[PDB]
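Below you'll find the structure, written out as structure tokens, and then a few comments.
There are 2 protein chains.
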Amino acid sequence: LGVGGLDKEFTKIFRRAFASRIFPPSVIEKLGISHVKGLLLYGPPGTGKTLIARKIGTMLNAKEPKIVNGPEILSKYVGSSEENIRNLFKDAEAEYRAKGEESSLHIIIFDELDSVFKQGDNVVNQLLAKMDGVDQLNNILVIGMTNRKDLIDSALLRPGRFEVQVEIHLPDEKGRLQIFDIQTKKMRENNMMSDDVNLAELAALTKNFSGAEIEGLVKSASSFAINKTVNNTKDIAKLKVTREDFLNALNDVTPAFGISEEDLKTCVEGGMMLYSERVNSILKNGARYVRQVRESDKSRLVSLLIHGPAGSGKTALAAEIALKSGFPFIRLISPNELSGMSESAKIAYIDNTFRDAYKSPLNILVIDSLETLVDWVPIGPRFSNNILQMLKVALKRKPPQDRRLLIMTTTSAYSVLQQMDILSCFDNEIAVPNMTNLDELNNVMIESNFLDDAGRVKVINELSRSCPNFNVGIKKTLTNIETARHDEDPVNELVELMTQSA
Amino acid sequence: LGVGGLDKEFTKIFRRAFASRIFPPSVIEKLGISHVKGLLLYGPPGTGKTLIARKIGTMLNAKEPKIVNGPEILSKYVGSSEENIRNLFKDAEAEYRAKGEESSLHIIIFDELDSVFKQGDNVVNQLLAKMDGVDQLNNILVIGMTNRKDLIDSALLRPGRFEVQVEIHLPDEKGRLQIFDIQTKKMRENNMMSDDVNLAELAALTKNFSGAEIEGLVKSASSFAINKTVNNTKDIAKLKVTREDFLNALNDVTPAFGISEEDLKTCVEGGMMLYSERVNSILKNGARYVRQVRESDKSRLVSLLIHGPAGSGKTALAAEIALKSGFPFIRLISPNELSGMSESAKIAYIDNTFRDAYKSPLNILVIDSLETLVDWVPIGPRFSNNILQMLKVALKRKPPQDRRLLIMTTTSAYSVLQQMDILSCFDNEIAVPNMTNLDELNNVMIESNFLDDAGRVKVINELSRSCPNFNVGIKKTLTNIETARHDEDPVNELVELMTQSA
Ligand SMILES: Nc1ncnc2c1ncn2[C@@H]1O[C@H](COP(=O)(O)OP(=O)(O)OP(=O)(O)O)[C@@H](O)[C@H]1O
Ligand SMILES: Nc1ncnc2c1ncn2[C@@H]1O[C@H](COP(=O)(O)OP(=O)(O)OP(=O)(O)O)[C@@H](O)[C@H]1O
Ligand SMILES: Nc1ncnc2c1ncn2[C@@H]1O[C@H](COP(=O)(O)OP(=O)(O)O)[C@@H](O)[C@H]1O
Ligand SMILES: Nc1ncnc2c1ncn2[C@@H]1O[C@H](COP(=O)(O)OP(=O)(O)O)[C@@H](O)[C@H]1O
Ligand SMILES: [Mg+2]
Ligand SMILES: [Mg+2]
Numbered sequence: 239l240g241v242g243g244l245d246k247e248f249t250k251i252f253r254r255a256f257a258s259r260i261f262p263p264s265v266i267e268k269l270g271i272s273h274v275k276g277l278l279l280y281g282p283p284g285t286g287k288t289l290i291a292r293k294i295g296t297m298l299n300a301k302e303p304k305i306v307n308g309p310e311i312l313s314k315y316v317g318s319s320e321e322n323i324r325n326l327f328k329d330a331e332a333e334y335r336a337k338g339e340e341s342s343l344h345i346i347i348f349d350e351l352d353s354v355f356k357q368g369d370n371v372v373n374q375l376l377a378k379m380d381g382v383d384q385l386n387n388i389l390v391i392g393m394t395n396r397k398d399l400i401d402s403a404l405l406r407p408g409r410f411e412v413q414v415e416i417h418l419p420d421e422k423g424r425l426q427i428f429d430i431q432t433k434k435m436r437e438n439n440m441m442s443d444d445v446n447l448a449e450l451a452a453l454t455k456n457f458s459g460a461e462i463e464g465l466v467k468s469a470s471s472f473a474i475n476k477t478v479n488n489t490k491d492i493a494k495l496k497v498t499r500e501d502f503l504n505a506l507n508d509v510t511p512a513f514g515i516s517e518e519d520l521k522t523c524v525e526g527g528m529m530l531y532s533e534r535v536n537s538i539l540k541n542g543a544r545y546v547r548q549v550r551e552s553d554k555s556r557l558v559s560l561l562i563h564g565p566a567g568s569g570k571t572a573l574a575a576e577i578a579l580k581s582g583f584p585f586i587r588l589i590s591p592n593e594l595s596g597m598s599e600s601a602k603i604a605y606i607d608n609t610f611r612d613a614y615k616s617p618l619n620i621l622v623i624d625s626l627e628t629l630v631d632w633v634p635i636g637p638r639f640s641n642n643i644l645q646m647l648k649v650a651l652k653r654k655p656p657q658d659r660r661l662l663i664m665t666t667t668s669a670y671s672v673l674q675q676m677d678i679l680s681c682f683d684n685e686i687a688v689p690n691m692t693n694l695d696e697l698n699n700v701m702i703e704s705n706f707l708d709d710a711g712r713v714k715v716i717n718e719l720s721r722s723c724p725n726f727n728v729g730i731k732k733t734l735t736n737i738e739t740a741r742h743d744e745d746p747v748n749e750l751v752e753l754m755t756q757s758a
Numbered sequence: 239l240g241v242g243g244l245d246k247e248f249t250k251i252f253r254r255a256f257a258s259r260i261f262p263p264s265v266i267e268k269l270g271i272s273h274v275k276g277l278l279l280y281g282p283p284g285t286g287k288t289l290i291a292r293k294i295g296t297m298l299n300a301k302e303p304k305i306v307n308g309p310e311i312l313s314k315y316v317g318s319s320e321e322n323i324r325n326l327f328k329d330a331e332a333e334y335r336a337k338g339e340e341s342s343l344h345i346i347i348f349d350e351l352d353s354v355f356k357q368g369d370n371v372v373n374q375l376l377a378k379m380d381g382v383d384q385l386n387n388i389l390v391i392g393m394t395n396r397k398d399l400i401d402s403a404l405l406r407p408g409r410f411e412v413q414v415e416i417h418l419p420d421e422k423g424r425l426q427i428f429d430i431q432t433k434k435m436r437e438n439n440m441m442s443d444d445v446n447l448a449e450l451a452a453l454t455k456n457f458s459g460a461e462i463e464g465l466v467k468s469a470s471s472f473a474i475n476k477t478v479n488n489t490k491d492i493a494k495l496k497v498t499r500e501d502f503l504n505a506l507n508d509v510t511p512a513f514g515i516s517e518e519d520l521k522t523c524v525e526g527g528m529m530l531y532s533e534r535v536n537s538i539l540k541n542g543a544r545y546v547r548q549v550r551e552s553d554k555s556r557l558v559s560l561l562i563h564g565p566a567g568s569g570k571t572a573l574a575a576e577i578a579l580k581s582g583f584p585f586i587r588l589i590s591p592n593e594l595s596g597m598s599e600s601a602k603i604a605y606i607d608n609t610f611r612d613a614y615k616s617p618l619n620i621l622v623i624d625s626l627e628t629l630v631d632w633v634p635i636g637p638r639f640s641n642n643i644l645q646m647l648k649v650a651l652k653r654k655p656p657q658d659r660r661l662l663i664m665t666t667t668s669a670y671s672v673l674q675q676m677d678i679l680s681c682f683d684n685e686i687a688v689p690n691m692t693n694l695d696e697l698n699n700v701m702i703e704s705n706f707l708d709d710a711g712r713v714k715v716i717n718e719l720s721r722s723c724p725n726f727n728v729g730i731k732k733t734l735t736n737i738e739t740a741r742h743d744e745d746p747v748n749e750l751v752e753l754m755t756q757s758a
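From first to last, the protein sequence lines are chains C and B.
If you count by PDB author numbering, then the first sequence holds residues 239 to 357, 368 to 479, 488 to 758, one letter each, in order.
If you count by PDB author numbering, then the second sequence holds residues 239 to 357, 368 to 479, 488 to 758, one letter each, in order.
Given below as structure tokens:
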């Protein structure tokens, strides 16, 4: 018909909101019931709600549905906004007086309803008067659409007002396979598509797209082919799209609910070298925890804590573990996102990230430098309590309806966290120590291409008796080598720096 | 065509935004796609965005693009602002009814979009109504322009609304070389430009100029030549713009993203003498770091801490290191800039400086008297936490897209910084001591030309057993010597002053 991926939500709507309209009024009045005048649809944007609303009416051959926007009403002058509501229902009032109860069905669509409640009341009262009060009108059917159900006051959900509610979900694999066919029907119908394109492969490559994203993907793929000929020319009739066009167009559309690849990849990883036996164990534990949350239905929430001294390599390990998992959804919260905001904005952003995290089969969240997010300074001590409470409540909530996520958080102030008494929110703890032997330094120098062995041996020979038990991190060790490489006497300068660092 | 240095951006814009308009409607209807209606361009000011818009306008032979300014509408009265937006789309609406889908293209330009969000809702809602609502027009194409992308909320970036986004960068060598030719074509083609002028040299001398600065440079150069034939005619046949005029004009136009030469040179430096080996060591270390930052891909962020007793001479060393580097971009933040402002003003100033720092291939930043910027007083103790957190966050963020900068900060309260546990933000530390030996005093005496060798040795021979172990800084020594110079008996005054100094 034009819709795809919605089959158990199409029957439920039709059974209740439209089944009684088909039969003649005689039998309906014989039973002694009344028609429904409300319907609510909620879900993420770009999923196909207005499409359902417009497509359903075609079966009943009703009038073209009118459309109104909440912010449109809010932004106008007070008097005009007050007057518009009565103007909206004029034709329905006229038709009822004209033709009694045998009038045709009229549909009114109200979009972005929640905006009215976000702070207005005149609009709500006038709207409810036409459908519940003694001015009851028996021709209308109102459709409501919101992205947040929890903001709608319970007064509107009692019987007689918006009596039926439905939810729309992101499409699954079969939904995407159907949507691709629906979108490319006309293109295929005119022999303008190559025969080497397989829609099954595309159904799997596009992993977490919504309905709207596929349209843009197809449009970009078509544009790729169109631009191939211009500069207006002959033989346009031989135009054809190809698999390579789709593959290249896949690089221009980045979906929401996707991977923030740029940050995790560049900002967080500038090398990775195995210099000790502890790193392998840490990575193996990370891989095991990743596997546990993909093949088990008794664990839908796992949280960790990676602590240690400063400049040890926590964030790089967390990012490395996250990158190799392969989950569709990955995000991180770090101080760089929250710089320059006010407290309320920070709370709103933190809440919104978690709220968006509850709409995918699998998810991963990273929380970097927890002690900085709270503005901790030991002189007072001074810190923000509201953010701490929000994080404490959030780190233990379970996602709804058989969904699962994995949280990894880093810190360097273990004692401070122990004082605040929020150490019971975590399921396990991992420690990252410093370097404490010359063999690890030798491995690091070898793997960084410092210089030939003849020069490498001398540094260790001198440091053996100059400083036996140095205790330095990896981040500073990788910085000393870089600056010593540029000196005129690298061998002595590296030892001089390392002695001070210890 | 008229624009130089933006080939790839031009190709990307043309492929997506305008390609679909060339083909006849039949094939486009055959494919089953729709034309795009949005395009966003962002970058630094004075780079050639509206020039690109105008130049693209002529190829399709569309109507002359309208231009509207954000502040103009925003500041105007409420009623007039609400009413005047409808005036903009009148012609496009009329043409649609007149000629169906065969109508010509109409381009509308919206300038300074972000200004609407900096606080307006009615304008945005009305604008979106014409391109996303049921009253959509198929002839329009809206161009947006902004300098800060972060301020635009995500709601406007989803498919259907502004859908394609592009960035504009400052020109490089070849860009300036092409722009010079484009600007001086008319002078060259009329035998009004001397043959001794070489454009390649000017392309390399101007190191961080944008498009408009070159226009200004050419205008100043032409004015220089024009002014030499007044106090009058008969020179209107042998009028040429020689090379000297351009070199003189180079000293008249100062670009943004340049060097604040006066502040670094005059106020901060008032002498530099080598009275010890440690000074040479410090200078050599500074040079080593400077040349490290320039020739590496692993290190794109280096921060140092220079500390010592009060009056040791810290700021002069940092200024001397900065001046000898030769980088295109240099700036400093000191209490003098933030005097007389409120807290929010200081935060905004720091944020703007750091944001500006991230738009050049190479950069340097100086921060002077860190403990003073926070308003530290030890009686309470009382200090500002917001500025401290902002600075702590800002000292770790890395520049985007393969760029690099070097930060140098000075302080005299090392213990206080240790108490605030912000010593992990720095990669290396350098300590500057005072003077504690007589040979250094003799060296400064020699360098400052205080007196002949006789009195110079006499003063040392007296202070050898008058006071062997004084402890004084350079700043106070060079103020005592100066006041001793202008007395009638320098030796007796200066020996007593220096003995008291200890
Ligand atoms: N095996 C390794 N483990 C960890 N880090 C490594 C390893 N090999 C190389 N590195 C480098 O170590 C550097 C450590 O930087 P990183 O951002 O992880 O520090 P950090 O511990 O988060 O610092 P801070 O505590 O100051 O926030 C990374 O840039 C990475 O390139
Ligand atoms: N080799 C030198 N090193 C440092 N300062 C020198 C040297 N030769 C001369 N000077 C003079 O030392 C003076 C003191 O330096 P400066 O003005 O930077 O003081 P400061 O350490 O920043 O002061 P304060 O601690 O009060 O902030 C400078 O005016 C400079 O002219
Ligand atoms: N489930 C779906 N099946 C087919 N097409 C869809 C679906 N969802 C969205 N689309 C396409 O996306 C376009 C935009 O949908 P839209 O009206 O924005 O839905 P909503 O606004 O309710 O999210 C429509 O023209 C439609 O063709
Ligand atoms: N890439 C370029 N090539 C040639 N001239 C340029 C370029 N960019 C800017 N200019 C010149 O700078 C002048 C001002 O540019 P302007 O239209 O103000 O750009 P913007 O509106 O983006 O600041 C123009 O008259 C133009 O001649
Ligand atoms: Mg970290
Ligand atoms: Mg100073």
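For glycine and all other residues, C-beta sits at the position ideal for the given N, C-alpha and C.
CA-to-CA distance, residue j to residue i, given in whole angstroms
i, j, result
"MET664(B)", "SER258(B)", "53 Å"
"residue 762(B)", "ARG436(B)", "In the structure as shown, chain B starts at 239 and stops at 758, and residue 762(B) therefore has no counterpart that could be examined."
"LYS287(B)", "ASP349(B)", "11 Å"
"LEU618(B)", "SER581(C)", "37 Å"
"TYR280(B)", "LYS521(C)", "25 Å"
"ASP519(C)", "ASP443(B)", "52 Å"
Contacts of residue i in chain B (Cβ-Cβ under 8 Å)
i, result
"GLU310(C)", "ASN373, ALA377"
Beta-carbon proximity check, residue i vs residue j, cutoff 9 Å
i, j, result
"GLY392(B)", "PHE355(B)", "no"
"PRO419(B)", "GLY464(B)", "no"
"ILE492(C)", "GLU247(C)", "no"
"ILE323(C)", "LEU389(C)", "no"
"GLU461(B)", "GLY284(B)", "yes"
"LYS304(B)", "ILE347(B)", "yes"
"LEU697(B)", "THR733(B)", "yes"
"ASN395(C)", "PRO262(C)", "no"
Residue i versus the options, residue with shortest Cα-Cα distance
i, options, result
"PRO655(B)", "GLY423(B), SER616(B), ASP631(B)", "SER616(B)"
"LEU661(C)", "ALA332(C), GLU421(C), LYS494(C), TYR545(C)", "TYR545(C)"
"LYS731(C)", "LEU376(C), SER668(C), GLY569(C), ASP708(C)", "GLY569(C)"
"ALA687(B)", "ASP612(B), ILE538(B), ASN456(B)", "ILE538(B)"
"residue 771(B)", "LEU719(B), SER468(B), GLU500(B), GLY514(B)", "In the structure displayed, chain B extends from 239 to 758; residue 771(B) sits before or after that span and is not available."
Under 9 Å by beta carbon: chain B residues contacting residue i
i, result
"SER598(C)", "Within 9 Å Cβ-Cβ: nothing; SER598(C) doesn't reach chain B, min ~10 Å."
Contact set between residue i and chain C, taken where Cβ atoms lie within less than 7 Å
i, result
"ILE271(B)", "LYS467, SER470"
Amino acids of chain C, ordered along the chain, whose beta-carbon sits closer than 9 Å to that of residue i
i, result
"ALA257(B)", "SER471, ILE474, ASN475, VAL478"
"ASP369(B)", "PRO309, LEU312, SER313"
Interface partners of residue i on chain C, CB under 8 Å
i, result
"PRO407(B)", "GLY284, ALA460, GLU461, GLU463, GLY464"
"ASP245(B)", "Ordered by position in chain C, no residue passes the 8 Å Cβ test against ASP245(B), which lies about 14 Å from the chain."
### Task
Using a Cβ-Cβ cut-off of less than 7 Å, give me the residues of the segment 671 to 685 of chain B that come near chain C, in sequence order.
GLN675, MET676, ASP677, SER680, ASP683
### Query
In the segment 439 to 461 of chain C, which residues sit with their C-beta less than 8 Å from some C-beta in chain B, listed in chain order?
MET440, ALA460, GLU461
### Query
Which residues, taken in chain order from the segment 612 to 645 of chain C, show a beta carbon closer than 8 Å to some beta carbon of chain B?
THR628, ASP631, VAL633, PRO634, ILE635, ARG638
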